[PDB]
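Before any comments, here is the structure.
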Amino acid sequence: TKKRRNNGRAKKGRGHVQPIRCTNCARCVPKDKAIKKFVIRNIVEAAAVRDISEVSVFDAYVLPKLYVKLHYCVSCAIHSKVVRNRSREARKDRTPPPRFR
Amino acid sequence: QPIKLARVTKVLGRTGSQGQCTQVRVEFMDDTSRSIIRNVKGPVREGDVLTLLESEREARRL
Amino acid sequence: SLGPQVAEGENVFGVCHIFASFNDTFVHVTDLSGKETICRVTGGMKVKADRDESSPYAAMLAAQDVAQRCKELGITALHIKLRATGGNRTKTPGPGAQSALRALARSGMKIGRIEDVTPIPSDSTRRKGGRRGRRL
Amino acid sequence: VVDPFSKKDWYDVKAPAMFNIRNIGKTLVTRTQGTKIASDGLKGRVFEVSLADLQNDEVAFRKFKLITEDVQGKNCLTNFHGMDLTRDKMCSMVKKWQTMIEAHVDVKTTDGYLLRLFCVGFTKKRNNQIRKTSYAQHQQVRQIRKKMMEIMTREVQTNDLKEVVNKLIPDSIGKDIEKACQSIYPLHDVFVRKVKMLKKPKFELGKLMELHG
RNA sequence: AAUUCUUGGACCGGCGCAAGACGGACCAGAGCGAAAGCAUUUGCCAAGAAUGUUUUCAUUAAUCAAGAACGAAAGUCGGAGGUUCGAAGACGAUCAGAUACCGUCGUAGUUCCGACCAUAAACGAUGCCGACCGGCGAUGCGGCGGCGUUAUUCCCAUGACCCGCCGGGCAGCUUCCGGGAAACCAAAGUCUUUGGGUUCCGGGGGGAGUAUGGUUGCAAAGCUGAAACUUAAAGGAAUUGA
RNA sequence: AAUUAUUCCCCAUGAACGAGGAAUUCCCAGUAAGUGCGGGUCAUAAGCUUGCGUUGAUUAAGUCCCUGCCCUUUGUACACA
Ligand SMILES: [Mg+2]
Ligand SMILES: [Zn+2]
């Protein structure tokens with residue numbers, strides 16, 4: 001039976017969308033179907049901050065961030081717990097979950 | 001490196017695998033301002049004191 | 001093994017090309033031109049267990065080792081050029097990068113400017129593994 | 001069975017007069033004992049120095065390529081070879097809901113340095129804008145790309161490399177394109193993304209020795 | 001972990017050189033196309049929807065057996081090319097066994113030009129043309145009207161925003177329009193109150209898209225396509241358990 | 001009726017055992033544990049069990065890490081599940 005009105009993807013008026021490789025696997029999935037995440041981390045972690053803060057020659061150097069755009073297949077996205085199964089009615093809510101702090 | 005005295009201001013909650021730490025924000029007795037979160041073993045009250053072997057490394061607010 | 005720079009407060013910068021893959025960690029100090037190698041201590045040179053060459057442990061060991069080998073030759077500070085596998089493969093620095101970068105800054109070497117040099121393609125060849133990927 | 005850092009003498013590196021702080025840093029070579037010579041091996045090496053390290057305290061997102069054209073005596077005399085933005089800056093600029101306009105030109109200085117200049121601009125979201133996207137139509141993009149090319153060429157072609165690098169130390173070119181393309185579609189993050197050196201002139205000595213003060 | 005590579009200096013780092021693939025991030029429930037499909041720049045060539053119109057012709061139209069153009073991927077023949085990846089195959093592991101999953105190689109192929117083949121879950125699993133029947137907010141293109149903001153500072157006037165209106169398009173949200181076995185659908189509605197026009201096509205499950213004849217193709221195979229015999233269910237949506 | 005010693009007494013005999021590997025049981029206050037005393041069985045009759053006092057702590061006011069069990073969402077061609 002039909003589960004999702006849009007067939008689990010953001011294709012409406014095309015017919016073909018170039019496929020993309022899952023980052024975890026190397027599975028070819030359509031670009032619009034793939035679960036995309038944008039990861040912005042500092043090059044050093046949290047506790048190493050104060051070590052490299054004071055063992056650096058430059059006073060007030062804002063060390064850079066690494067910017068990674070991750071694509072997953074639905075299999076990897078559910079396994080790595082990026083997305084999960086939802087209530088039959090709660091599946092519909094498209095609003096991205098709250099990030100405050 | 002000097003051992004520093006700090007007064008536990010408040011208890012937040014308990015952490016560890018089997019709930020065997022107390023997450024508490026501990027204010028330094030020497031300087032009036034500096035408050036850092038540390039994990040505490042044993043039964044801890046609110047309004048007691050700790051002897052820190054290092055005054056810098058801080059616990060993660062879980 | 002004789003730097004003519006007076007050790008007043010003049011910092012002699014090397015450049016360490018930290019290549020943290022998911023099955024090895026390279027800690028490699030180079031001269032400022034990028035040509036002449038000073039010291040190269042790989043991850044699997046320290047530990048002889050093939051599984052955990054790309055560990056925070058072996059990365060920390062090799063980082064302390066190069067830091068001692070580097071202050072012998074008289075390089076004071078270092079510039080960081082961190083990179084992942086890149087190309088077709090994953091673009092995240094492996095689990096060794098953090099222990100390597102931390103440990104050789106803990107070991108008395110000063111950090112200049114940190115940057116990323118992961119070889120990213122404008123667009124690449126076909127990736128290893130099938131169309132269905134790595135089923136496991 | 002030898003100490004490979006017994007026979008390695010160090011050097012000083014001078015940056016050209018255009019930048020403030022001159023002594024870049026240290027170098028090493030196996031000093032001559034036959035056919036392969038110290039100078040012969042020392043020439044052709046390229047350095048990538050941050051503009052913050054070349055000036056006193058400055059832009060950390062811009063880097064400059066300098067090659068050892070010749071060595072005088074215990075001293076490498078570098079010359080401008082290229083320029084590029086940093087990975088973190090280039091990644092931080094490129095974000096969703098805007099058109100990213102890119103243009104490249106192949107231009108020649110009066111002295112025989114041929115350069116290839118890569119410019120990049122992003123369409124700017126307005127102050128009272130309720131719309132989320134703020135894209136530019138394809139003719140608007142083509143016109144902005146036309147203004148990018150014609151400004152990047154008129155700026156470089158007419159004067160010598162010393163004055164061109166003096167323009168690249170600010171971003172006087174990036175400002176000029178950001179001013180010209182106000183009427184077509186207002187931009188914000190207009191930088192000369194990259195510079196590549198393709199063909200260089202016949203290596204004279206008096207040219208570089210007056211570029212080095 | 002092993003097969004592989006490496007003191008005839010691998011892997012890592014620098015400067016160049018060539019090769020053949022591929023156009024990241026911008027990239028969207030955005031656009032265009034009859035569908036397949038289509039993404040770096042610039043130039044040339046012909047095409048096209050929508051809008052605008054107090055232009056023109058005056059029923060020239062809708063759908064269609066016969067016939068015809070295009071048709072992903074794989075595949076076949078001929079020439080050029082061979083970077084990556086990789087049916088076959090060569091091993092290395094795991095396993096009770098592995099002829100697989102996992103790993104190192106790897107021919108055909110993948111790429112380009114010219115001939116074929118004509119099929120896909122070729123999907124909106126939903127023919128096309130026309131009319132009528134709720135509301136709301138956005139969006140892409142064209143037009144139209146209006147405080148104000150910003151650039152051309154000289155701002156006439158164009159561009160970037162802002163607020164609304166009109167027409168075509170991709171979609172969305174919502175409701176006792178109404179329908180439906182329901183899931184759900186402003187179409188899958190206006191259906192026992194049954195009739196706007198027309199093409200294709202289904203008749204319990206198997207046997208079987210098989211046999212046979214015909215036709216197309218070099219081959220693979222494509223299109224058309226039964227019977228004997230067997231069988232009381234197979235199946236669709238939704239519910240409560242495990 | 002005590003041989004294959006029922007129970008009890010006396011002299012004699014003087015064993016492994018120096019605190020116990022893999023693992024693993026029970027328990028938070030008059031509780032654990034030590035310590036003895038009655039009931040049941042009973043002609044003979046406690047190393048068991050079932051009750052009673054006596055002396056009287058260490059640690060904790062927590063968690064889902066391990067082991068179990070119960071929910072909610074979800075998928076199902078299973079309903080002797
Ligand atoms: Mg399709
Ligand atoms: Zn995957």
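Chain labels run A, B, ... following the order of the structure tokens; each chain numbers its residues from 1, and ligands are numbered from 1 in the order shown.
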Inset, instruction - Using only C-alpha atoms (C1' of nucleotides), find which residues of chain F lie within 12 Å of chain A and jot them down as a ChimeraX atom specification. - result: /F:72-75
Export of prior selection with N, CA, C and O atoms (P, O5', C5', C4', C3', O3' and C1' of nucleotides) as a PDB file, in the first residue's frame:
ATOM      1  P     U F  72       1.057  -0.489  25.098  1.00  0.00           P
ATOM      2  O5'   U F  72       1.465   0.679  24.095  1.00  0.00           O
ATOM      3  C5'   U F  72       1.169   2.052  24.410  1.00  0.00           C
ATOM      4  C4'   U F  72       2.250   2.970  23.891  1.00  0.00           C
ATOM      5  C3'   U F  72       2.585   2.862  22.414  1.00  0.00           C
ATOM      6  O3'   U F  72       1.580   3.466  21.601  1.00  0.00           O
ATOM      7  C1'   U F  72       4.584   3.008  23.649  1.00  0.00           C
ATOM      8  P     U F  73       1.056   2.733  20.267  1.00  0.00           P
ATOM      9  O5'   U F  73       2.164   3.114  19.188  1.00  0.00           O
ATOM     10  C5'   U F  73       2.427   4.490  18.861  1.00  0.00           C
ATOM     11  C4'   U F  73       3.786   4.643  18.220  1.00  0.00           C
ATOM     12  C3'   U F  73       4.044   3.826  16.965  1.00  0.00           C
ATOM     13  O3'   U F  73       3.384   4.363  15.825  1.00  0.00           O
ATOM     14  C1'   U F  73       5.918   3.668  18.371  1.00  0.00           C
ATOM     15  P     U F  74       2.619   3.397  14.799  1.00  0.00           P
ATOM     16  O5'   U F  74       3.802   2.596  14.096  1.00  0.00           O
ATOM     17  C5'   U F  74       4.893   3.284  13.458  1.00  0.00           C
ATOM     18  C4'   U F  74       6.040   2.342  13.171  1.00  0.00           C
ATOM     19  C3'   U F  74       5.717   1.101  12.355  1.00  0.00           C
ATOM     20  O3'   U F  74       5.605   1.409  10.968  1.00  0.00           O
ATOM     21  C1'   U F  74       7.032   0.480  14.206  1.00  0.00           C
ATOM     22  P     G F  75       4.494   0.688  10.055  1.00  0.00           P
ATOM     23  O5'   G F  75       5.169  -0.713   9.713  1.00  0.00           O
ATOM     24  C5'   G F  75       6.386  -0.778   8.950  1.00  0.00           C
ATOM     25  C4'   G F  75       6.903  -2.197   8.866  1.00  0.00           C
ATOM     26  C3'   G F  75       5.882  -3.278   8.538  1.00  0.00           C
ATOM     27  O3'   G F  75       5.646  -3.372   7.135  1.00  0.00           O
ATOM     28  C1'   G F  75       7.164  -3.959  10.396  1.00  0.00           C
TER      29        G F  75
END
Inset, instruction - Pull out every residue of chain C that has at least one atom within 10 Å of chain D, counting only C-alpha atoms, and report them as a ChimeraX atom specification. - result: /C:1-5,10-14,30-38,73,75,112-113,115-118
Residues as selected, N, CA and C atoms, written as a compact mmCIF listing (two decimals), in the first residue's frame, can you do that?
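Resulting contents of selection-v7.txt:
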# COMPACT_ATOMS: atom_id res chain seq x y z
N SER C 1 71.68 19.45 12.10
CA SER C 1 71.49 19.47 13.58
C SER C 1 72.19 20.69 14.19
N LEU C 2 72.04 21.86 13.57
CA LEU C 2 72.63 23.15 14.05
C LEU C 2 71.92 24.33 13.38
N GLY C 3 70.82 24.80 13.97
CA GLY C 3 70.08 26.00 13.53
C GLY C 3 70.84 27.28 13.89
N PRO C 4 71.25 28.12 12.90
CA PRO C 4 71.90 29.40 13.20
C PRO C 4 70.97 30.50 13.75
N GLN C 5 69.66 30.22 13.90
CA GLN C 5 68.71 31.13 14.60
C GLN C 5 69.05 31.16 16.09
N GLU C 10 63.03 33.99 18.84
CA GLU C 10 62.78 33.78 17.38
C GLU C 10 62.30 32.34 17.16
N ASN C 11 61.04 32.18 16.74
CA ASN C 11 60.38 30.87 16.51
C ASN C 11 60.76 30.35 15.12
N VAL C 12 61.43 29.19 15.06
CA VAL C 12 61.69 28.43 13.80
C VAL C 12 60.48 27.52 13.56
N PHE C 13 59.63 27.87 12.59
CA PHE C 13 58.43 27.09 12.20
C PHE C 13 58.82 25.99 11.21
N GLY C 14 58.49 24.74 11.55
CA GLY C 14 58.31 23.64 10.59
C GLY C 14 56.89 23.64 10.06
N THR C 30 57.99 18.80 8.23
CA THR C 30 58.65 19.22 6.97
C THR C 30 59.16 20.66 7.14
N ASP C 31 60.16 21.06 6.34
CA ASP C 31 60.68 22.46 6.30
C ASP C 31 59.62 23.37 5.67
N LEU C 32 59.83 24.69 5.74
CA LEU C 32 58.79 25.71 5.42
C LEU C 32 58.49 25.73 3.91
N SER C 33 59.43 25.27 3.07
CA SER C 33 59.26 25.11 1.60
C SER C 33 58.30 23.96 1.29
N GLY C 34 58.21 22.96 2.17
CA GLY C 34 57.38 21.75 1.98
C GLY C 34 58.14 20.63 1.28
N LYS C 35 59.42 20.84 0.94
CA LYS C 35 60.23 19.92 0.11
C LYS C 35 61.00 18.94 1.01
N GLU C 36 61.89 19.47 1.85
CA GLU C 36 62.86 18.67 2.66
C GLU C 36 62.15 18.11 3.90
N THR C 37 62.05 16.78 4.01
CA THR C 37 61.54 16.08 5.22
C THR C 37 62.56 16.24 6.35
N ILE C 38 62.08 16.56 7.56
CA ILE C 38 62.88 16.66 8.81
C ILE C 38 62.75 15.33 9.55
N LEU C 73 66.75 18.76 16.32
CA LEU C 73 67.21 19.47 15.10
C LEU C 73 67.02 20.99 15.25
N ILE C 75 63.86 22.86 15.43
CA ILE C 75 62.55 23.45 15.01
C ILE C 75 61.76 23.72 16.30
N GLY C 112 51.44 27.27 15.28
CA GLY C 112 51.15 28.45 14.44
C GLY C 112 49.72 28.41 13.92
N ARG C 113 49.55 28.37 12.60
CA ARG C 113 48.22 28.40 11.92
C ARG C 113 47.81 26.98 11.54
N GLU C 115 45.16 24.56 9.36
CA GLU C 115 44.30 24.54 8.15
C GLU C 115 44.08 23.09 7.69
N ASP C 116 43.12 22.90 6.77
CA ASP C 116 42.74 21.60 6.16
C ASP C 116 43.19 21.60 4.70
N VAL C 117 43.77 20.48 4.23
CA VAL C 117 44.25 20.29 2.83
C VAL C 117 43.78 18.92 2.31
N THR C 118 42.56 18.49 2.69
CA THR C 118 41.93 17.23 2.19
C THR C 118 41.71 17.37 0.69
Legend entry - At most 9 Å from ligand 2 (only C-alpha atoms (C1' of nucleotides) and all ligand atoms): residue list as JSON, numbers by chain: {"A": [21, 22, 23, 24, 25, 26, 27, 28, 29, 71, 72, 73, 74, 75, 76, 77], "C": [132, 133, 134, 135]}
Mind dumping a table of every chain E residue within 12 Å of chain A, with the nearest atom pair and its distance in Å to one decimal, using only C-alpha atoms (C1' of nucleotides), sorted by chain and rising number, as CSV?
residue,atom,partner,partner_atom,distance
E:24,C1',A:69,CA,10.0
E:25,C1',A:69,CA,7.9
E:27,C1',A:31,CA,9.4
E:28,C1',A:10,CA,9.0
E:29,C1',A:10,CA,4.2
E:30,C1',A:13,CA,9.6
E:31,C1',A:13,CA,9.1
E:32,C1',A:14,CA,9.3
E:33,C1',A:14,CA,9.5
E:35,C1',A:15,CA,9.1
E:36,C1',A:15,CA,9.0
E:37,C1',A:16,CA,6.6
E:38,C1',A:16,CA,8.8
E:39,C1',A:18,CA,10.3
E:72,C1',A:16,CA,9.4
E:85,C1',A:26,CA,11.8
E:122,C1',A:15,CA,10.3
E:123,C1',A:15,CA,9.6
E:124,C1',A:12,CA,9.5
E:125,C1',A:2,CA,9.9
E:169,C1',A:13,CA,10.2
E:170,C1',A:13,CA,5.8
E:171,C1',A:12,CA,7.1
E:172,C1',A:6,CA,11.1
E:173,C1',A:92,CA,11.5
E:182,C1',A:1,CA,11.4
E:183,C1',A:1,CA,7.4
E:184,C1',A:2,CA,9.4
E:185,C1',A:5,CA,11.0
E:236,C1',A:1,CA,9.4
E:237,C1',A:1,CA,8.4
E:238,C1',A:1,CA,11.3
Output of the above residues as a PDB file, in the first residue's frame, restricted to C-alpha atoms (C1' of nucleotides):
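Here's the written file part_5.pdb:
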ATOM      1  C1'   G E  24      31.244  18.623  -5.851  1.00  0.00           C
ATOM      2  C1'   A E  25      29.621  22.384  -2.478  1.00  0.00           C
ATOM      3  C1'   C E  27      21.245  22.294  -5.889  1.00  0.00           C
ATOM      4  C1'   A E  28      15.669  23.570  -3.789  1.00  0.00           C
ATOM      5  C1'   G E  29       9.244  18.777  -2.877  1.00  0.00           C
ATOM      6  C1'   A E  30      13.168  24.968  -8.125  1.00  0.00           C
ATOM      7  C1'   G E  31      13.279  24.942 -13.954  1.00  0.00           C
ATOM      8  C1'   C E  32      12.967  22.874 -19.119  1.00  0.00           C
ATOM      9  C1'   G E  33      11.513  18.694 -22.346  1.00  0.00           C
ATOM     10  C1'   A E  35       8.807  10.549 -22.731  1.00  0.00           C
ATOM     11  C1'   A E  36      13.858   8.581 -22.233  1.00  0.00           C
ATOM     12  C1'   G E  37      16.342  12.683 -20.029  1.00  0.00           C
ATOM     13  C1'   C E  38      19.073  17.498 -19.089  1.00  0.00           C
ATOM     14  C1'   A E  39      24.273  21.231 -14.783  1.00  0.00           C
ATOM     15  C1'   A E  72      17.493   4.635 -19.648  1.00  0.00           C
ATOM     16  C1'   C E  85      35.443   1.186 -11.563  1.00  0.00           C
ATOM     17  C1'   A E 122       9.750   3.070 -19.010  1.00  0.00           C
ATOM     18  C1'   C E 123       5.575   4.839 -11.933  1.00  0.00           C
ATOM     19  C1'   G E 124       1.473   9.564 -10.615  1.00  0.00           C
ATOM     20  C1'   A E 125       1.810   1.824 -10.361  1.00  0.00           C
ATOM     21  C1'   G E 169       3.045  25.774 -14.576  1.00  0.00           C
ATOM     22  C1'   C E 170       5.659  22.337 -10.299  1.00  0.00           C
ATOM     23  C1'   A E 171       3.874  21.374  -5.669  1.00  0.00           C
ATOM     24  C1'   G E 172       1.756  22.198  -0.398  1.00  0.00           C
ATOM     25  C1'   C E 173      -1.830  22.842   3.750  1.00  0.00           C
ATOM     26  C1'   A E 182     -10.938   1.427   2.959  1.00  0.00           C
ATOM     27  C1'   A E 183      -5.895   3.512   2.747  1.00  0.00           C
ATOM     28  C1'   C E 184      -7.159   7.968   0.894  1.00  0.00           C
ATOM     29  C1'   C E 185      -8.304  11.498  -3.595  1.00  0.00           C
ATOM     30  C1'   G E 236      -7.145  -5.842  -1.583  1.00  0.00           C
ATOM     31  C1'   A E 237      -7.673  -2.216   2.637  1.00  0.00           C
ATOM     32  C1'   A E 238      -8.080  -1.882   7.622  1.00  0.00           C
TER      33        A E 238
END
Inset, instruction - Return as a PyMOL selection string the residues belonging to chain A that are within 12 Å of chain B, counting only C-alpha atoms. - result: chain A and resi 46-51+101
Okay, now the selection with N, CA, C and O atoms, as a short mmCIF file (atom, residue, chain, number, x, y, z; two decimals), in the first residue's frame?
data_model
loop_
_atom_site.label_atom_id
_atom_site.label_comp_id
_atom_site.auth_asym_id
_atom_site.auth_seq_id
_atom_site.Cartn_x
_atom_site.Cartn_y
_atom_site.Cartn_z
N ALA A 46 37.52 19.73 22.28
CA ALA A 46 36.80 20.32 23.44
C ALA A 46 37.76 20.57 24.60
O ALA A 46 37.84 21.72 25.07
N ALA A 47 38.46 19.52 25.05
CA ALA A 47 39.45 19.54 26.15
C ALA A 47 40.84 19.89 25.60
O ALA A 47 41.63 20.50 26.36
N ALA A 48 41.14 19.52 24.35
CA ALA A 48 42.38 19.88 23.62
C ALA A 48 42.40 21.39 23.31
O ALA A 48 43.50 21.89 23.01
N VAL A 49 41.25 22.07 23.38
CA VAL A 49 41.09 23.53 23.11
C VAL A 49 42.09 24.31 23.98
O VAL A 49 42.93 25.03 23.39
N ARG A 50 42.03 24.15 25.31
CA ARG A 50 42.84 24.92 26.30
C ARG A 50 44.33 24.56 26.17
O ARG A 50 45.17 25.43 26.47
N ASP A 51 44.64 23.32 25.77
CA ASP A 51 46.03 22.83 25.53
C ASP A 51 46.63 23.60 24.34
O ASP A 51 47.77 24.09 24.48
N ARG A 101 20.68 24.58 21.89
CA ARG A 101 22.02 24.47 22.53
C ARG A 101 22.32 22.99 22.83
O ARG A 101 21.43 22.16 22.97
#
Inset, instruction - Would you please work out which residue, of A:33, A:80, A:92, A:20, is nearest to chain C when using only C-alpha atoms? - result: A:20
